[PDB]
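Participant: When you get a sec, could you give me coordinates for this:
(5 chains, ligands or ions: 9)
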Amino acid sequence: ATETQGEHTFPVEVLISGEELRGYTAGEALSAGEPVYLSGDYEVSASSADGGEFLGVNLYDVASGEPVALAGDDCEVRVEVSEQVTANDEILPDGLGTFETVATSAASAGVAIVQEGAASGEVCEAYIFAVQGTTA
Amino acid sequence: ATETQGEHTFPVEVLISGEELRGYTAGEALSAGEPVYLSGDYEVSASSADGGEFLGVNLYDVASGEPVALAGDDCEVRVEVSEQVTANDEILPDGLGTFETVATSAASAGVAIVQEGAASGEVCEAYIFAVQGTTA
Amino acid sequence: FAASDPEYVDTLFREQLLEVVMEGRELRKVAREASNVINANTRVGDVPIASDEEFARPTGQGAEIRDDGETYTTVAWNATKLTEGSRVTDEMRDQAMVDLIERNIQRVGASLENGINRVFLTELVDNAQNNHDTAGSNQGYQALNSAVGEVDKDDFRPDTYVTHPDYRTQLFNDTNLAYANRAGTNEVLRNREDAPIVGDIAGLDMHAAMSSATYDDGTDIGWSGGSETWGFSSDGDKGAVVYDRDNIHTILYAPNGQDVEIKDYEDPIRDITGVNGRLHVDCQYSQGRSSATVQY
Amino acid sequence: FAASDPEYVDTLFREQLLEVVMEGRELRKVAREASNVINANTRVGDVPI
Amino acid sequence: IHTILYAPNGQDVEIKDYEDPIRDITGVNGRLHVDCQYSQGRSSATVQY
Ligand SMILES: [K+]
Ligand SMILES: [Mg+2]
Ligand SMILES: [Mg+2]
Ligand SMILES: [Mg+2]
Ligand SMILES: [Mg+2]
Ligand SMILES: [Mg+2]
Ligand SMILES: [Mg+2]
Ligand SMILES: [Mg+2]
Ligand SMILES: [Mg+2]
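Facilitator: Residues are numbered from 1 along each chain as shown, chains lettered A, B, ... in the order given. Ligands and ions are numbered 1, 2, ... in the order given. Have a look at this structure:
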């Protein structure tokens, strides 16, 4: 995510609070604020839609095979949303490098909770509370 | 859980990362890496199958009535599995002193995410992210 | 050809990165000059307020001197903790050409000062007892005049005006007022030396020129909002406050020392250095009838 | 995220350039040892055989 | 052949010890940033079976 201030674009600080900062290898090229899941042994890739694929958000831009840092659960984070989010909305990955509400997805439970509401394409402030994986 | 280096077997260090290390009392004799749940007031016993019985994993061997250190959610742990786990598998207690997949169990949500895959009877590396108590 | 810098621009030397980082938008810091500053010993407290002055009594010779003693009341302060932090990796702290820790100390300091200024401006605008409604007419100087009129009419001496950018466009539209201290008195004393002696207006010896963004409209993250609109564009907007700077109190509490506390931490598990800043701040009128807002 | 290298690699610092330039291929220099050397008085001259 | 060592807080391997008084654990951890790079790969030959 990025912030326009006149002629300038600035990077958005993904991490608001928390110390759930954990090392993985990028399975593809990943960007700051992007949701990710485990694609291999300690290897993380961009999440797809409708849940079952979330470990954390990518902290900084990385190329494939580079060591990545993630914010996991009990981090407060700045993240980009594909729709309008109000406070107390549960959110999970949209599959587009962004987040959507549980209410919009086919999933029944989220991974983060919106603390500060945002419009579509803008930065919400959210708290990461869960991870989602393969349940069959 | 144990590790082989030549003829030698070594005790596996249950904790990879995390600080969610908490004191309970053993309701029975417990072994290192064993999944546990609350059996009484600040008292933990080994988990049965099919969910509703998970607080954390036991960090060292205790006799009945002794003080247990438990690794909760927010811990990366080396844990033994009863079946083949891939990375991104959700696992929960098996009832046999081990972890099994949510897919295998009669349950529908897990307590840890597999970060490094392993065969049946081997040591996976997992991140504990949830607790399961009784819901009726 | 030969050897020139366009060829070897990354090969034989690096492009300079300047050791000075140029500032973002800086919001106008006024509150410490534009109000009385109380270094409180406690986060909660109250300031004693005296009853208005009266007149001594015509008295006969040998007659009893009668009592009209000072009666007292109080206004409460409840200082809110304003905090900002920043984290930097050890690798980042070491590699920076800029002193990154010094900069984060500046950012934290600046952000806290903006907080103080927000608290001050929100209190000042919301709790002023008087008001000049311009009703979309005679805006600028006749409005400032009338607002001084309202404070003075209630027998308070105004000495300061706080102004919005849009009000500073309506005021100073007159070429008579072109020599006035439009920059803010604090701006000229901070960021110049040779002040133009003539510049005071309407007997107010401070212009606290303030920023559009400073008032608490509740749109900012963690801020709940004040009762008014700070602006000068629509009916109801408060564009200026005329007041006595000794009759509004900025109350600053710090558990250690008297002013902003900066703390640092090293995280050896993650190799992150943090800088945190804190101050506790309230703002209160001792007399709100010492102030008038200008309404569009 | 916090300030970190991959974010600010070319905005808060410059990547190091080493102060020492590393040498290319050195050819072996032997002609002076390997032959009779004449420090001639003239650019042109003759040797009697 | 150049072994390139980057250390944020010094020259070389940094060993940090930490005490957790909430849990009574001592941590020992170590860090280094390392690359390796040839200035001249022609200055080396591999022997192949
Ligand atoms: K948690
Ligand atoms: Mg952690
Ligand atoms: Mg009497
Ligand atoms: Mg009286
Ligand atoms: Mg009180
Ligand atoms: Mg009045
Ligand atoms: Mg009106
Ligand atoms: Mg004139
Ligand atoms: Mg000749």
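
Participant: count of neighbours near the closest residue to residue C:180 other than its chain neighbours?
Facilitator: Distance criterion CB to CB, 6 or more residues apart in numbering or on different chains; nearest residue to residue C:180, sequence neighbours excluded, is residue C:201 at 4.8 Å. Any C-beta I mention is one placed from the backbone N, CA and C, and that applies to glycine too. Applying other CB atoms under 10 Å in any protein chain shown, we find 20 residues neighbouring residue C:201.

Participant: Residue C:201 is in contact with residue C:178, isn't it?
Facilitator: No - Residue C:201 lies out of contact with residue C:178 (CB atoms under 8 Å); the separation is 11.2 Å.

Participant: which residues do those two both contact?
Facilitator: Common contacts of residue C:201 and residue C:178 (CB atoms under 8 Å, 6 or more residues apart in numbering or on different chains): none found.

Participant: ok, which residues in chain A are in contact with chain B?
Facilitator: A:20, A:22, A:37-43, A:53, A:55, A:72-74, A:130-131, A:133-136 (CB under 8 Å from any CB of the partner chain).

Participant: One more pass at 10 Å, please.
Facilitator: By CB under 10 Å from any CB of the partner chain, the part of chain A that sits against chain B consists of A:19-20, A:22-24, A:37-45, A:52-56, A:72-74, A:109, A:129-136.

Participant: what about the helices in chain C?
Facilitator: C:31-34, C:90-95, C:100-127, C:141-153, C:167-170, C:185-191 (DSSP state H).

Participant: so which of those comes closest to ligand 4?
Facilitator: Closest of the helices of chain C to ligand 4 is helix C:141-153, at 20.8 Å (criterion: CB to the ion).

Participant: May I see the buried residues of the closest one?
Facilitator: Of all the residues in helix C:141-153, those buried under the rule 16 or more other CB atoms under 10 Å in any protein chain shown are C:141, C:143-144, C:146-151.

Participant: Kindly report the same for stretch A:94-106.
Facilitator: Buried, per 16+ other CB under 10 Å, within stretch A:94-106: A:94-95, A:97-102, A:104-105.

Participant: Are any of the residues of chain A next to chain B buried, and if so which?
Facilitator: A:19-20, A:22, A:24, A:37-41, A:43-45, A:52-56, A:72-74, A:130-135.

Participant: In PDB, list the C-alpha atoms belonging to stretch C:117-133.
Facilitator: The C-alpha trace of stretch C:117-133 is given here as PDB (Å, rounded to 0.1, in the frame of the first residue of the first chain):
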ATOM      1  CA  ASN C 117      -1.900  22.100  19.600                       C
ATOM      2  CA  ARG C 118      -5.000  19.900  18.700                       C
ATOM      3  CA  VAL C 119      -6.100  19.700  22.400                       C
ATOM      4  CA  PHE C 120      -5.600  23.500  22.800                       C
ATOM      5  CA  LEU C 121      -7.400  24.400  19.600                       C
ATOM      6  CA  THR C 122     -10.300  22.000  20.200                       C
ATOM      7  CA  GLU C 123     -10.800  23.500  23.800                       C
ATOM      8  CA  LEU C 124     -10.400  27.100  22.600                       C
ATOM      9  CA  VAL C 125     -13.000  26.800  19.800                       C
ATOM     10  CA  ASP C 126     -15.500  24.500  21.600                       C
ATOM     11  CA  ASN C 127     -15.700  26.200  25.000                       C
ATOM     12  CA  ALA C 128     -15.500  30.000  24.100                       C
ATOM     13  CA  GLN C 129     -18.600  31.700  25.700                       C
ATOM     14  CA  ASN C 130     -18.900  34.500  23.100                       C
ATOM     15  CA  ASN C 131     -19.500  34.400  19.400                       C
ATOM     16  CA  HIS C 132     -19.800  36.800  16.500                       C
ATOM     17  CA  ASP C 133     -22.100  35.400  13.800                       C
END
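
Participant: Check the offset of it from the chain's centre.
Facilitator: Relative to the centre of its chain, stretch C:117-133 is centred 12 Å away, using CA atoms, centre = their mean, to the nearest Å.
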